[PDB]
Amino acid sequence: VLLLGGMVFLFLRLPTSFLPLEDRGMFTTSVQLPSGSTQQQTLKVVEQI
Amino acid sequence: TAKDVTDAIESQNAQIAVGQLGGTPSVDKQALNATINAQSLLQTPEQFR
Amino acid sequence: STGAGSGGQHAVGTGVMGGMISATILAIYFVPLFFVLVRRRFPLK
């Protein structure tokens, strides 16, 4: 009975997820300047990054 | 004639998309890029009169 | 496993191995007790 209670306890403390993330060798960054900005300013920011 | 009324209603009641301020390509130091709109559809019967 | 896609391998393997470890050091003891208890409660024939 104690083992059953502990199993119940552990099931309610274990965090939940869907699928683990794995190193695919790629990742993506997104740049968003304040609204009304121009292409040249975005290009400058992209050059900095 | 009826054609005159129809043509006037067509011309004076429409949505016009002008374009963009600072659209691409733009000058070296363009400040902003904003969408430009023009006259919109009439709403009230008084506007049509 | 220490290669590409090892995260899924760990996820499917750690829990399974831990479950099998407990279900072979506790089953060999508790299962006879469960069987004798159930059989004594409901005798055969």
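Determine the distance separating the Cα centre of the stretch C:13-29 from the Cα centre of the stretch B:20-41; give it in Å without decimals.
Their Cα centres are 68 Å away from one another.
Against the longest alpha carbon principal axis of chain B, how many degrees, from 0 to 90 and to the nearest 10, is the axis of helix B:2-12 turned?
Relative to chain B, helix B:2-12 is tipped by roughly 30 degrees.
Quick check: pseudo-label points 7 Å beyond the Cα along Cα→Cβ at residue A:49 and residue A:26, how many nm apart are they?
1.6
Given the Cα-Cα distance of residue C:44 and residue C:2 and 0.36 nm per residue of separation, how much length would full extension add, in nm?
Here the answer is 9.8 nm.
Does anyone have the angle between helix C:6-25 and the longest principal axis of chain C? Alpha-carbon axes, 0 to 90°, nearest 10?
Taking Cα atoms only, the helix is inclined about 20 degrees.
Can you work out D for chain B in µm² s⁻¹ from Stokes-Einstein, where Rh is the Kirkwood radius over C-alpha pairs, the temperature is 20 °C and the viscosity is 1.002 mPa s?
In µm²/s, the coefficient is 159.
Place a point 7 Å from Cα of residue C:11 in the direction of its Cβ. Which residues in the stretch A:12-30 have their backbone N less than 20 Å from it?
The answer is A:12-28, whose backbone nitrogens lie closer than 20 Å to the label point.
Give me the angle, in degrees from 0 to 90, between the Cα long axis of helix A:39-48 and the longest principal axis of the Cα atoms of chain A, rounded to the nearest 10.
That helix lies at roughly 60 degrees to the long axis.
To check my understanding: the extent here is largest minus smallest coordinate of the Cα atoms along each principal axis. What are those three numbers for the protein assembly as shown, in Å, largest first?
Here the Cα extents, ordered largest to smallest, are 107, 50, 24 Å.
If the convex hull of the alpha-carbon atoms of chain A is projected onto planes in all directions, what is the mean projected area in square nanometres?
6.9
Please note: Cβ atoms are built from the backbone with ideal geometry, for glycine as well, and neighbour counts cover all protein chains shown. Every number here is computed from the coordinates shown, using simple stated rules; none is lab data.
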